[PDB]
$ cat model.pdb   # PDB, C-alpha atoms (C1' of nucleotides) and all ligand atoms
ATOM      1  CA  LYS A  59     -61.642  26.921 -24.870
ATOM      2  CA  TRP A  60     -60.237  23.437 -24.263
ATOM      3  CA  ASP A  61     -56.813  21.828 -24.645
ATOM      4  CA  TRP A  62     -57.784  18.616 -26.390
ATOM      5  CA  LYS A  63     -54.540  16.670 -25.963
ATOM      6  CA  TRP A  64     -55.135  17.073 -22.233
ATOM      7  CA  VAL A  65     -58.816  16.144 -22.641
ATOM      8  CA  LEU A  66     -58.013  12.944 -24.542
ATOM      9  CA  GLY A  67     -55.290  12.219 -21.972
ATOM     10  CA  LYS A  68     -52.136  12.712 -24.052
ATOM     11  CA  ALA A  69     -50.774  15.857 -22.385
ATOM     12  CA  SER A  70     -50.093  17.210 -18.929
ATOM     13  CA  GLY A  71     -52.561  19.668 -17.450
ATOM     14  CA  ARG A  72     -52.893  22.565 -15.086
ATOM     15  CA  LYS A  73     -53.198  21.084 -11.566
ATOM     16  CA  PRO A  74     -51.701  17.712 -12.613
ATOM     17  CA  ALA A  75     -52.519  16.073  -9.252
ATOM     18  CA  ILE A  76     -56.227  15.738 -10.086
ATOM     19  CA  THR A  77     -56.206  13.349 -13.116
ATOM     20  CA  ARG A  78     -59.985  12.720 -12.896
ATOM     21  CA  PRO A  79     -62.121  15.865 -12.530
ATOM     22  CA  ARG A  80     -65.753  16.006 -11.412
ATOM     23  CA  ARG A  81     -68.301  18.313 -13.118
ATOM     24  CA  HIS A  82     -66.621  21.332 -11.612
ATOM     25  CA  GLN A  83     -62.748  21.330 -11.781
ATOM     26  CA  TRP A  84     -62.915  20.891 -15.554
ATOM     27  CA  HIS A  85     -62.714  24.673 -15.867
ATOM     28  CA  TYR A  86     -59.656  25.082 -13.649
ATOM     29  CA  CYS A  87     -57.695  21.971 -14.617
ATOM     30  CA  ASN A  88     -57.733  23.063 -18.261
ATOM     31  CA  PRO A  89     -54.207  24.123 -19.348
ATOM     32  CA  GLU A  90     -55.768  26.901 -21.451
ATOM     33  CA  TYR A  91     -57.616  28.373 -18.467
ATOM     34  CA  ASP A  92     -57.937  32.134 -18.875
ATOM     35  CA  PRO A  93     -58.819  34.006 -15.654
ATOM     36  CA  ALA A  94     -60.032  37.065 -17.577
ATOM     37  CA  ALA A  95     -62.654  35.046 -19.457
ATOM     38  CA  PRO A  96     -66.223  35.223 -18.104
ATOM     39  CA  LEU A  97     -67.638  32.300 -16.204
ATOM     40  CA  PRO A  98     -70.369  30.250 -17.941
ATOM     41  CA  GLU A  99     -73.913  29.890 -16.663
ATOM     42  CA  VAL A 100     -73.806  26.153 -15.926
ATOM     43  CA  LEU A 101     -70.026  25.281 -15.885
ATOM     44  CA  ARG A 102     -70.169  22.055 -17.836
ATOM     45  CA  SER A 103     -67.574  19.450 -18.754
TER      46      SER A 103
ATOM     47  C1'   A B   1      11.836 -29.903  62.114
ATOM     48  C1'   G B   2      12.841 -35.919  64.417
ATOM     49  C1'   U B   3       9.641 -40.300  65.195
ATOM     50  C1'   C B   4       4.798 -42.347  65.143
ATOM     51  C1'   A B   5      -1.027 -42.118  64.153
ATOM     52  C1'   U B   6      -4.900 -40.738  60.787
ATOM     53  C1'   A B   7      -6.813 -38.775  55.696
ATOM     54  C1'   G B   8     -13.297 -43.341  50.049
ATOM     55  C1'   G B   9     -17.708 -40.905  50.688
ATOM     56  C1'   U B  10     -24.275 -39.304  49.337
ATOM     57  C1'   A B  11     -27.961 -36.940  52.973
ATOM     58  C1'   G B  12     -26.240 -34.399  57.129
ATOM     59  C1'   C B  13     -22.851 -31.946  60.881
ATOM     60  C1'   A B  14     -18.409 -29.241  62.229
ATOM     61  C1'   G B  15     -13.706 -26.236  61.242
ATOM     62  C1'   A B  16     -10.477 -23.093  58.243
ATOM     63  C1'   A B  17     -10.078 -19.724  54.115
ATOM     64  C1'   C B  18     -10.620 -17.015  48.712
ATOM     65  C1'   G B  19     -13.266 -13.296  45.914
ATOM     66  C1'   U B  20     -17.048  -8.816  44.661
ATOM     67  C1'   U B  21     -19.283  -3.709  46.086
ATOM     68  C1'   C B  22     -19.373   0.083  49.941
ATOM     69  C1'   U B  23     -17.687   2.496  54.793
ATOM     70  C1'   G B  24     -14.396   3.949  59.373
ATOM     71  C1'   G B  25      -9.351   4.608  60.726
ATOM     72  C1'   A B  26      -6.042  12.017  57.494
ATOM     73  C1'   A B  27      -5.271  10.967  52.280
ATOM     74  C1'   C B  28      -3.016   3.283  49.029
ATOM     75  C1'   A B  29      -3.643   4.529  41.125
ATOM     76  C1'   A B  30      -2.145  12.840  38.976
ATOM     77  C1'   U B  31       2.242  11.395  35.891
ATOM     78  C1'   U B  32      -0.845   3.658  34.198
ATOM     79  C1'   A B  33       0.444  -1.387  33.939
ATOM     80  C1'   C B  34       3.643  -4.459  31.050
ATOM     81  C1'   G B  35      11.245  -9.192  33.692
ATOM     82  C1'   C B  36       5.761 -13.783  33.507
ATOM     83  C1'   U B  37       5.287 -16.155  36.512
ATOM     84  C1'   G B  38       3.556 -17.738  41.908
ATOM     85  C1'   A B  39       0.216 -20.662  44.919
ATOM     86  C1'   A B  40      -3.087 -26.921  47.580
ATOM     87  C1'   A B  41      -7.736 -24.794  45.848
ATOM     88  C1'   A B  42     -11.061 -20.653  45.604
ATOM     89  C1'   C B  43      -7.016 -17.277  42.970
ATOM     90  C1'   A B  44      -2.999 -13.629  42.865
ATOM     91  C1'   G B  45       0.358  -9.694  40.393
ATOM     92  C1'   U B  46      -2.216  -1.386  43.224
ATOM     93  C1'   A B  47      -2.339  -1.744  51.109
ATOM     94  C1'   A B  48      -3.649  -3.688  55.866
ATOM     95  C1'   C B  49      -7.179  -3.884  60.530
ATOM     96  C1'   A B  50     -12.402  -3.970  61.385
ATOM     97  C1'   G B  51     -17.399  -3.423  59.670
ATOM     98  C1'   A B  52     -22.423  -3.208  56.036
ATOM     99  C1'   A B  53     -24.205  -6.579  52.261
ATOM    100  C1'   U B  54     -29.548  -6.404  46.224
ATOM    101  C1'   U B  55     -21.749 -10.758  47.846
ATOM    102  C1'   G B  56     -19.968 -15.547  43.882
ATOM    103  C1'   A B  57     -24.207 -18.972  38.615
ATOM    104  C1'   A B  58     -23.321 -24.430  32.556
ATOM    105  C1'   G B  59     -27.413 -26.488  35.601
ATOM    106  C1'   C B  60     -35.075 -23.384  37.259
ATOM    107  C1'   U B  61     -38.933 -26.478  29.011
ATOM    108  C1'   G B  62     -36.025 -19.207  33.643
ATOM    109  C1'   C B  63     -35.970 -13.505  31.499
ATOM    110  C1'   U B  64     -33.231  -9.864  28.243
ATOM    111  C1'   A B  65     -29.713  -8.966  24.246
ATOM    112  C1'   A B  66     -26.522 -10.539  20.473
ATOM    113  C1'   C B  67     -24.816 -14.387  17.324
ATOM    114  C1'   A B  68     -24.890 -19.335  14.910
ATOM    115  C1'   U B  69     -27.290 -24.146  12.920
ATOM    116  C1'   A B  70     -30.803 -26.048   9.691
ATOM    117  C1'   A B  71     -28.986 -23.128   4.558
ATOM    118  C1'   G B  72     -27.872 -19.947   0.341
ATOM    119  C1'   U B  73     -32.038 -24.886   1.838
ATOM    120  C1'   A B  74     -37.572 -24.179   1.460
ATOM    121  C1'   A B  75     -40.257 -20.371  -0.866
ATOM    122  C1'   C B  76     -40.629 -16.445  -4.855
ATOM    123  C1'   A B  77     -46.927 -22.345  -9.185
ATOM    124  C1'   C B  78     -54.400 -19.053  -8.237
ATOM    125  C1'   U B  79     -54.741 -16.279 -12.683
ATOM    126  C1'   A B  80     -54.602 -13.596 -19.432
ATOM    127  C1'   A B  81     -48.885 -13.935 -22.606
ATOM    128  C1'   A B  82     -45.896 -11.771 -24.254
ATOM    129  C1'   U B  83     -42.195  -9.855 -28.489
ATOM    130  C1'   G B  84     -38.956  -6.175 -30.795
ATOM    131  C1'   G B  85     -30.956  -4.521 -27.117
ATOM    132  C1'   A B  86     -36.274  -0.047 -22.532
ATOM    133  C1'   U B  87     -41.223  -2.526 -16.778
ATOM    134  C1'   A B  88     -41.427   2.540 -23.927
ATOM    135  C1'   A B  89     -44.480   6.660 -26.161
ATOM    136  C1'   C B  90     -44.333   3.039 -31.465
ATOM    137  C1'   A B  91     -45.393  -1.626 -33.785
ATOM    138  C1'   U B  92     -47.047  -7.037 -33.259
ATOM    139  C1'   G B  93     -49.768 -10.570 -30.320
ATOM    140  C1'   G B  94     -53.108 -11.822 -26.363
ATOM    141  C1'   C B  95     -56.899 -11.277 -21.784
ATOM    142  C1'   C B  96     -61.512  -9.159 -19.286
ATOM    143  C1'   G B  97     -65.670  -6.884 -21.294
ATOM    144  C1'   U B  98     -72.466  -7.809 -16.073
ATOM    145  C1'   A B  99     -65.474  -7.046 -15.579
ATOM    146  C1'   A B 100     -60.015  -7.181 -14.737
ATOM    147  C1'   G B 101     -64.640  -0.941 -17.736
ATOM    148  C1'   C B 102     -66.996   3.624 -15.618
ATOM    149  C1'   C B 103     -69.500   6.567 -11.159
ATOM    150  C1'   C B 104     -70.120   6.745  -5.978
ATOM    151  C1'   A B 105     -70.566   5.075  -0.476
ATOM    152  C1'   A B 106     -68.069   3.126   4.022
ATOM    153  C1'   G B 107     -63.128   3.093   5.428
ATOM    154  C1'   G B 108     -58.103   5.038   4.698
ATOM    155  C1'   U B 109     -56.102  10.374   5.345
ATOM    156  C1'   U B 110     -51.725  12.867   1.505
ATOM    157  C1'   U B 111     -50.919   7.062   0.002
ATOM    158  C1'   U B 112     -51.966  12.354  -5.346
ATOM    159  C1'   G B 113     -47.868  15.734  -9.603
ATOM    160  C1'   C B 114     -42.840  17.159 -11.260
ATOM    161  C1'   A B 115     -35.996  15.454 -12.476
ATOM    162  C1'   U B 116     -33.384  10.366 -19.596
ATOM    163  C1'   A B 117     -30.191   9.667 -10.639
ATOM    164  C1'   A B 118     -31.210  13.526  -8.896
ATOM    165  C1'   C B 119     -29.093  17.883  -4.298
ATOM    166  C1'   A B 120     -36.783  16.220  -4.874
ATOM    167  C1'   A B 121     -39.382  17.402  -0.673
ATOM    168  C1'   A B 122     -37.352  21.399   1.610
ATOM    169  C1'   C B 123     -41.746  22.259  -3.800
ATOM    170  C1'   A B 124     -46.859  21.824  -5.626
ATOM    171  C1'   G B 125     -52.235  20.267  -5.668
ATOM    172  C1'   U B 126     -58.798  19.587  -3.671
ATOM    173  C1'   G B 127     -62.132  26.575  -6.095
ATOM    174  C1'   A B 128     -70.044  25.216  -5.290
ATOM    175  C1'   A B 129     -71.472  29.686 -10.234
ATOM    176  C1'   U B 130     -76.949  24.612 -12.204
ATOM    177  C1'   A B 131     -82.225  25.258  -6.670
ATOM    178  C1'   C B 132     -74.271  19.179  -5.881
ATOM    179  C1'   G B 133     -74.267  16.151  -0.497
ATOM    180  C1'   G B 134     -74.662  17.925   4.551
ATOM    181  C1'   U B 135     -76.103  21.606   8.303
ATOM    182  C1'   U B 136     -82.567  22.161   8.839
TER     183        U B 136
HETATM  184 MG    MG C 201     -12.852 -37.761  53.859
HETATM  185 MG    MG C 202      -7.847 -44.909  53.270
HETATM  186 MG    MG C 203     -10.623   5.294  54.262
HETATM  187 MG    MG C 204     -28.969 -12.103  44.688
HETATM  188 MG    MG C 205     -30.315 -19.942  -5.965
HETATM  189 MG    MG C 206     -41.551  -4.445 -23.712
HETATM  190 MG    MG C 207     -63.594   9.312   1.183
END

$ encode --input "model.pdb" --output "structure tokens" --more "lines below"
Ligand SMILES: [Mg+2]
Ligand SMILES: [Mg+2]
Ligand SMILES: [Mg+2]
Ligand SMILES: [Mg+2]
Ligand SMILES: [Mg+2]
Ligand SMILES: [Mg+2]
Ligand SMILES: [Mg+2]
Amino acid sequence: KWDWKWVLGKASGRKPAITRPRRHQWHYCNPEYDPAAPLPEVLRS
RNA sequence: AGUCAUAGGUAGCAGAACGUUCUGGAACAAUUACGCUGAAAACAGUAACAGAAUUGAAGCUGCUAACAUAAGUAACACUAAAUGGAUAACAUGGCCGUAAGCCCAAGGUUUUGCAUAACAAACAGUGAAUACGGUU
């Protein structure tokens, strides 16, 4: 559900102009973001 | 056309001229000029006669613009410290660590991402779905 080289900071991400997401934008800056996946109840980091 | 007389000058006064732009007299540079000199000067070598002037500039610590001088001079000394053939990913060393870390506010308003030069800004990027802040 996460791309951990991007999370630790050692890979480029989807939307690479962000570089420091808030609580939301973690879901959409993930390189492994699947649109067909359901959306979680709280949308955490 | 031969004799005589006069000719230092500030302030000031008087007389004679040169030059710039424009106009009148129908039109004086379509096809340029260029023998390099002439004149006492202002100057002349693309009319002349009159007229109208925002009419003459080394000289106002004048204004504007350009270009020099000082001069390749001063400066590139607040800080932690760098090394390996790279402002390196790797390795070694060091500095902060109530900050030189992290999260926001005010303010800024695209300053944010992409190419081992390149033709790349012309292209991208900010998602309210936890009773996030506002609007009340
Ligand atoms: Mg005299
Ligand atoms: Mg005398
Ligand atoms: Mg005439
Ligand atoms: Mg005048
Ligand atoms: Mg030098
Ligand atoms: Mg180095
Ligand atoms: Mg702001």

$ residues_around --input "model.pdb" --residues "range 118-129 of chain B" --least-positions-apart "4" --cutoff "8 Å" --atoms "only C-alpha atoms (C1' of nucleotides)" --output "count of residues only"
12

$ closest_atom_pairs --input "model.pdb" --of "chain B" --to "ligand MG 207 (chain C)" --cutoff "12 Å" --atoms "all atoms listed in the file" --output "Markdown table"
| residue | atom | partner | partner_atom | distance |
| --- | --- | --- | --- | --- |
| B:104 | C1' | C:MG207 | MG | 10.0 |
| B:105 | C1' | C:MG207 | MG | 8.3 |
| B:106 | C1' | C:MG207 | MG | 8.1 |
| B:107 | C1' | C:MG207 | MG | 7.5 |
| B:108 | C1' | C:MG207 | MG | 7.8 |
| B:109 | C1' | C:MG207 | MG | 8.6 |

$ atom_distance --input "model.pdb" --atom1 "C1' of residue 27 in chain B" --atom2 "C1' of residue 47 in chain B"
13.1 Å

$ resolve_selection --input "model.pdb" --expression "the PyMOL selection byres (((chain B and resi 10-18) around 8) and not hetatm)" --output "JSON, numbers by chain"
{"B": [9, 19, 42, 43]}

$ atom_distance --input "model.pdb" --atom1 "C1' of residue 59 in chain B" --atom2 "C1' of residue 20 in chain B"
22.4 Å

$ residues_near_ligand --input "model.pdb" --ligand "ligand MG 203 (chain C)" --cutoff "10 Å" --atoms "only C-alpha atoms (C1' of nucleotides) and all ligand atoms" --output "MDAnalysis selection string"
chainID B and resid 23:28

$ closest_atom_pairs --input "model.pdb" --of "chain B" --to "ligand MG 206 (chain C)" --cutoff "8 Å" --atoms "only C-alpha atoms (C1' of nucleotides) and all ligand atoms" --output "Markdown table"
| residue | atom | partner | partner_atom | distance |
| --- | --- | --- | --- | --- |
| B:83 | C1' | C:MG206 | MG | 7.2 |
| B:84 | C1' | C:MG206 | MG | 7.7 |
| B:86 | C1' | C:MG206 | MG | 7.0 |
| B:87 | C1' | C:MG206 | MG | 7.2 |
| B:88 | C1' | C:MG206 | MG | 7.0 |

$ resolve_selection --input "model.pdb" --expression "the PyMOL selection byres (((chain A and resi 84) around 12) and not hetatm)" --output "ChimeraX atom specification"
/A:59-61,64-65,71-73,76-83,85-91,101-103 /B:127

$ atom_distance --input "model.pdb" --atom1 "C1' of residue 5 in chain B" --atom2 "atom MG of ligand MG 201 (chain C)"
16.3 Å

$ residues_near_ligand --input "model.pdb" --ligand "ligand MG 205 (chain C)" --cutoff "12 Å" --atoms "all atoms listed in the file" --output "ChimeraX atom specification"
/B:71-76

$ closest_residue --input "model.pdb" --among "B:67, B:22, B:115, B:102" --to "chain A" --atoms "only C-alpha atoms (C1' of nucleotides)"
B:102

$ closest_residue --input "model.pdb" --among "B:63, B:1, B:52, B:7" --to "ligand MG 202 (chain C)" --atoms "all atoms listed in the file"
B:7

$ axis_aligned_box --input "model.pdb" --around "range 88-103 of chain A" --padding-each-side "4 Å" --output "JSON"
{"center_x": -64.1, "center_y": 28.3, "center_z": -18.6, "size_x": 27.7, "size_y": 25.6, "size_z": 13.8}

$ residues_near_ligand --input "model.pdb" --ligand "ligand MG 204 (chain C)" --cutoff "12 Å" --atoms "all atoms listed in the file" --output "PyMOL selection string"
chain B and resi 53-57

$ closest_residue --input "model.pdb" --among "B:103, B:70, B:117, B:78" --to "chain A" --atoms "all atoms listed in the file"
B:103

$ closest_residue --input "model.pdb" --among "B:130, B:46, B:31, B:135" --to "chain A" --atoms "only C-alpha atoms (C1' of nucleotides)"
B:130

$ residues_around --input "model.pdb" --residues "range 91-101 of chain B" --least-positions-apart "3" --cutoff "8 Å" --atoms "only C-alpha atoms (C1' of nucleotides)" --output "list in words"
residues 80, 81, 82 and 83 of chain B

$ build_atoms --input "model.pdb" --residues "range 72-83 of chain A" --atoms "N, CA, C and O atoms" --output "mmCIF file, keeping the file's coordinate frame"
data_model
loop_
_atom_site.group_PDB
_atom_site.id
_atom_site.type_symbol
_atom_site.label_atom_id
_atom_site.label_comp_id
_atom_site.auth_asym_id
_atom_site.auth_seq_id
_atom_site.Cartn_x
_atom_site.Cartn_y
_atom_site.Cartn_z
ATOM 1 N N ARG A 72 -52.903 21.706 -16.255
ATOM 2 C CA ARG A 72 -52.893 22.565 -15.086
ATOM 3 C C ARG A 72 -53.536 21.802 -13.938
ATOM 4 O O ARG A 72 -54.531 21.103 -14.137
ATOM 5 N N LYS A 73 -52.947 21.926 -12.739
ATOM 6 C CA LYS A 73 -53.198 21.084 -11.566
ATOM 7 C C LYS A 73 -53.067 19.606 -11.918
ATOM 8 O O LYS A 73 -54.080 18.898 -11.980
ATOM 9 N N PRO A 74 -51.851 19.097 -12.145
ATOM 10 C CA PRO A 74 -51.701 17.712 -12.613
ATOM 11 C C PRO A 74 -51.924 16.652 -11.548
ATOM 12 O O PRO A 74 -51.774 15.465 -11.853
ATOM 13 N N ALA A 75 -52.272 17.024 -10.322
ATOM 14 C CA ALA A 75 -52.519 16.073 -9.252
ATOM 15 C C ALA A 75 -53.967 15.621 -9.188
ATOM 16 O O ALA A 75 -54.325 14.868 -8.281
ATOM 17 N N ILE A 76 -54.809 16.069 -10.114
ATOM 18 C CA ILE A 76 -56.227 15.738 -10.086
ATOM 19 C C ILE A 76 -56.467 14.451 -10.862
ATOM 20 O O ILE A 76 -56.937 13.459 -10.302
ATOM 21 N N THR A 77 -56.180 14.470 -12.165
ATOM 22 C CA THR A 77 -56.206 13.349 -13.116
ATOM 23 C C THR A 77 -57.583 12.725 -13.353
ATOM 24 O O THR A 77 -57.704 11.829 -14.193
ATOM 25 N N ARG A 78 -58.623 13.192 -12.668
ATOM 26 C CA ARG A 78 -59.985 12.720 -12.896
ATOM 27 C C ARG A 78 -60.989 13.730 -12.361
ATOM 28 O O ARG A 78 -61.526 13.535 -11.265
ATOM 29 N N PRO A 79 -61.266 14.812 -13.085
ATOM 30 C CA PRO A 79 -62.121 15.865 -12.530
ATOM 31 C C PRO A 79 -63.587 15.465 -12.470
ATOM 32 O O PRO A 79 -64.067 14.636 -13.246
ATOM 33 N N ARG A 80 -64.299 16.081 -11.526
ATOM 34 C CA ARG A 80 -65.753 16.006 -11.412
ATOM 35 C C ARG A 80 -66.371 17.033 -12.352
ATOM 36 O O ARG A 80 -65.670 17.511 -13.241
ATOM 37 N N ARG A 81 -67.657 17.371 -12.197
ATOM 38 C CA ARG A 81 -68.301 18.313 -13.118
ATOM 39 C C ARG A 81 -67.669 19.699 -13.046
ATOM 40 O O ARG A 81 -67.261 20.263 -14.065
ATOM 41 N N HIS A 82 -67.574 20.262 -11.848
ATOM 42 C CA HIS A 82 -66.621 21.332 -11.612
ATOM 43 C C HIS A 82 -65.228 20.722 -11.502
ATOM 44 O O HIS A 82 -65.090 19.518 -11.306
ATOM 45 N N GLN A 83 -64.201 21.570 -11.597
ATOM 46 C CA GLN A 83 -62.748 21.330 -11.781
ATOM 47 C C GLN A 83 -62.378 21.037 -13.227
ATOM 48 O O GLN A 83 -61.198 20.898 -13.498
#
